[PDB]
Every structure is written in C-alpha cells, then in structure tokens.
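Worksheet for the structure shown next.
In the working numbering, the protein residues as written are 2 to 420.
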C-alpha cells in the first residue's frame with residue numbers, strides 16, 4: 002500500500018513539459034527515476050533525463066521520439082497521456098514544490114524497504130547476531146545519509162552537488178592544516194606513536210578545536226581511561242592545574258573558580274565520550290550509528306586501536322582498521338584512530354617512526370588516508386636541547402607531500418600549541 006502522490010508526479014512531469022528549464026531544479030530534488038512510484042512515470046522521467054544527457058530540449062515532441070525508440074510510448078499511456086500531463090498543470094513556476102512531495106514520498110518507501118530488509122535478515126538467522134544488527138542498522142541509516150540507491154552515480158548529479166558545496170573538520174594547528182588541509186569526510190586518519198608520546202593529548206586538542214571552535218560534534222571512544230578522568234584532564238590541562246600533584250585542599254580560591262570557568266566552556270562543547278572498555282569492531286559500529294543519529298557528529302576518535310577486541314593479532318587489527326575505514330565511508334565523516342607502536346621502532350639509532358613501521362600491525366597503511374606520527378626528542382634524550390618541541394611526521398596523506406611539522410609541548414599540563 003506504499004506512500005506516493007500520483008498528482009505530484011504528474012505535476013512534475015507536466016511542468017517539465019511546459020518549461021524544460023525547470024529540469025535543473027527538479028533533477029536536484031529528483032536525481033533518480035526510481036523516485037517515481039508509477040512504472041510509467043519512471044520510464045518517462047528516465048527518457049527526459051537522457052534527453053538532457055544529450056542536451057536536446059525536453060518537450061512533448063522529443064520525448065515521444067525518445068520513448069517510442071526505447072519502445073514504451075504505449076506503455077506510458079501514448080502521446081495522449083503526454084498531452085494530459087501538459088494541460089493538467091497551468092504553470093512551471095511550482096516545479097520545485099511538486100518535486101519535494103515526490104522526493105519525500107520516496108524516502109518513506111525507501112525506509113519501508115530498508116526496514117523490511119532488516120526484518121527479513123532477522124528471520125533468516127544466517128550470520129551472527131552482530132552481523133545481522135550491523136547490516137540492519139547500515140540499511141536504515143543509509144536512508145537518511147544517501148540521496149539515492151543508484152549503484153553508479155552520474156557525473157551530472159555529482160558535479161551538481163560538489164559545486165553546490167563550493168559556493169558555500171580541521172586539526173586547529175594552523176601550520177599542520179596548511180600541510181594536510183582538513184580531515185576529509187569518510188576518511189580513516191591514524192595517529193601512531195610509542196606509548197606516553199602524547200597521542201591522546203594531541204587527539205583531545207583536535208577534539209576541542211573542532212567542537213569549541215568550529216562547532217562540530219565529536220564522539221570519543223575512550224577505551225583506556227574512564228570518561229570521568231578524561232574530563233578531569235581536559236579541565237585541569239586547560240586551567241593549568243596538575244591534578245596529579247595538586248590536591249583539592251591545596252587549590253587557591255582563584256584557580257578554583259578558574260577551573261569552574263574552564264569547566265563552563267567545556268560543558269557547552271558537543272563532545273560525547275563513550276568509555277566502554279573492550280569494544281569489538283561491530284560494537285563500535287553499532288554505537289557509532291546510534292551516536293551519529295542522536296547527535297550532530299562530524300568526528301569520531303578511537304583511543305586506542307590495540308585495546309579493541311576481535312570476534313593473527315595483526316590480522317584482527319587489520320580487520321578492525323578495514324572496518325573503521327568502511328564505517329568512516331558509511332557515515333561520511335573523518336575517523337581518527339590512535340595506534341601504539343612496537344619497541345621495534347626503538348631498536349635503531351634514528352628512533353622516530355616512518356610508514357614502514359606500520360606493516361608490523363598488518364595491512365593498516367593501505368586503508369588509512371592520513372598517517373601522522375608523533376616523535377619527541379625528550380623521550381629518548383633527557384638532556385638533548387629540543388625540549389619544548391614535538392614533531393608530527395606526516396607519513397602519508399592525499400592533499401600534499403610528506404613532511405615533519407613541529408609544535409610546542411609543555412610536559413607540565415600536557416598540551417600542544419602552535420609554534
């Protein structure tokens with residue numbers, strides 16, 4: 002008994018016949034013929050597009066020519082139906098309006114199908130519970146995130162959307178951003194370093210710059226430390242208070258209000274932290290979808306990869322990174338995954354990481370769009386003069402070349418600042 006609007010479909014086709022220039026507008030809201038419920042209208046529309054795909058004016062004459070060629074001129078109702086579409090509407094000025102109706106009715110049908118797909122998957126019982134729930138959620142979430150079902154999208158549709166976007170997440174580090182640009186939609190980004198190098202501190206800075214400055218929602222999978230503590234660290238770091246040394250009864254009335262103010266700014270940030278300790282890939286996916294749909298979220302951080310479970314430790318990690326790459330794509334947002342490195346990195350004179358070091362943790366390099374390492378000279382040389390300086394080595398990216406960019410690191414309250 003599927004939702005549709007025969008009148009709106011007719012008005013759309015009819016108003017295109019009255020003025021083929023509305024086709025611009027209409028194709029925006031109705032990119033794919035599948036939007037049309039009536040088999041007939043779907044054939045008509047597909048032919049009207051091909052006529053634009055050939056650049057020849059779409060009217061009552063050329064449409065019959067194109068249809069009868071393919072053969073459906075009678076299927077669609079003859080040129081008499083075509084005639085009726087013309088007169089059944091007095092203007093072309095409302096094209097957009099009727100298209101919005103047709104577009105919306107389709108989404109409902111699209112949802113009906115996705116839901117029915119989930120329902121059919123549960124009955125079958127083929128595949129583990131995790132796999133069922135994963136596909137069920139992917140289908141449903143696709144209805145809201147993808148504009149069509151079309152397997153291969155036409156360039157015209159694609160160009161329209163990219164151009165629409167260029168008439169209108171960043172790391173926040175001005176010099177790094179120059180080198181790598183933004184962390185693109187649907188990308189896996191990897192921050193890898195030896196433990197205690199400051200990946201988390203680094204990641205949380207990005208999280209704050211994105212959420213507080215750019216105003217983009219950011220979800221954190223804090224697999225290692227509990228949410229409560231991660232929150233204390235952000236407050237205390239910002240407010241310049243070493244919570245590990247300084248006790249409560251040792252706070253000045255001044256710097257106390259100071260962290261209440263730092264706590265005020267943080268409290269308004271759209272940062273969501275999930276600290277469930279031992280998540281599988283499937284679980285992270287399932288949670289991500291719930292998070293992303295309940296909240297405006299443009300960034301996800303996994304801290305850190307090696308603490309995730311499997312359903313060979315290299316192969317589990319490689320299956321995880323692959324699944325995260327997929328997730329990023331499915332949601333159209335960047336995902337940061339933090340990664341630990343082997344002691345292997347340290348068994349050589351030049352103790353700084355390089356892309357090669359990653360093949361030790363499986364085929365992870367292949368699925369990461371960006372790879373950034375963190376090296377500090379203080380880590381392997383208590384004396385050595387590069388104290389306050391930390392270096393971020395872009396091992397792999399697509400917006401520019403490789404390169405080491407340097408930032409300030411104050412070990413005191415564990416922060417990263419521009420140079």
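Quick reminder that beta carbons are idealized off the backbone N, C-alpha and C, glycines included.
Is the separation between the beta-carbon of residue i and that of residue j shorter than 8 Å?
{"i": "residue 375", "j": "residue 388", "result": "no"}
{"i": "residue 319", "j": "residue 364", "result": "yes"}
{"i": "residue 335", "j": "residue 223", "result": "no"}
{"i": "residue 9", "j": "residue 103", "result": "yes"}
{"i": "residue 144", "j": "residue 108", "result": "yes"}
{"i": "residue 16", "j": "residue 90", "result": "yes"}
{"i": "residue 243", "j": "residue 385", "result": "no"}
{"i": "residue 217", "j": "residue 100", "result": "no"}
{"i": "residue 303", "j": "residue 285", "result": "yes"}
{"i": "residue 276", "j": "residue 196", "result": "no"}
{"i": "residue 113", "j": "residue 123", "result": "no"}
{"i": "residue 4", "j": "residue 110", "result": "yes"}
{"i": "residue 338", "j": "residue 356", "result": "no"}
Taking the alpha-carbon positions, what's the residue i to residue j distance?
{"i": "residue 417", "j": "residue 202", "result": "7 Å"}
{"i": "residue 279", "j": "residue 259", "result": "35 Å"}
{"i": "residue 323", "j": "residue 409", "result": "33 Å"}
{"i": "residue 49", "j": "residue 59", "result": "6 Å"}
{"i": "residue 262", "j": "residue 174", "result": "24 Å"}
{"i": "residue 271", "j": "residue 265", "result": "13 Å"}
{"i": "residue 287", "j": "residue 37", "result": "32 Å"}
{"i": "residue 415", "j": "residue 231", "result": "13 Å"}
{"i": "residue 236", "j": "residue 300", "result": "21 Å"}
{"i": "residue 154", "j": "residue 162", "result": "11 Å"}
{"i": "residue 21", "j": "residue 73", "result": "21 Å"}
{"i": "residue 252", "j": "residue 395", "result": "40 Å"}
{"i": "residue 290", "j": "residue 32", "result": "26 Å"}
{"i": "residue 65", "j": "residue 40", "result": "17 Å"}
{"i": "residue 321", "j": "residue 62", "result": "56 Å"}
Are there 16 or more other CB atoms within 10 angstroms of the CB of residue i, so buried, or fewer, so exposed?
{"i": "residue 25", "result": "exposed"}
{"i": "residue 305", "result": "buried"}
{"i": "residue 96", "result": "buried"}
{"i": "residue 44", "result": "buried"}
{"i": "residue 46", "result": "buried"}
{"i": "residue 296", "result": "exposed"}
{"i": "residue 372", "result": "buried"}
{"i": "residue 247", "result": "exposed"}
{"i": "residue 353", "result": "buried"}
{"i": "residue 207", "result": "buried"}
{"i": "residue 214", "result": "exposed"}
{"i": "residue 190", "result": "buried"}
{"i": "residue 166", "result": "exposed"}
Looking only at DSSP bridge pairs, what is residue i linked to?
{"i": "residue 220", "result": "273, 301"}
{"i": "residue 376", "result": "392"}
{"i": "residue 190", "result": "337, 371"}
{"i": "residue 114", "result": "Its beta-bridge partners do not exist; DSSP assigns none."}
{"i": "residue 364", "result": "None; residue 364 has no bridge partner."}
{"i": "residue 281", "result": "310"}
{"i": "residue 397", "result": "372"}
{"i": "residue 405", "result": "394"}
**Request:** Output the residue ranges of the beta strand (DSSP E) runs that lie fully inside the region 129-174 and measure 3 residues or longer, sorted by chain position.
**Result:** none
**Prompt:** Whole alpha helix (DSSP H) runs in the region 36-82 with 4 or more residues, listed along the chain?
**Reply:** 40-54, 61-71
**Message:** As an exercise, report each continuous alpha helix (DSSP H) stretch of at least 4 residues that is fully enclosed by the region 223-279, in chain order.
**Reply:** 228-239, 254-268
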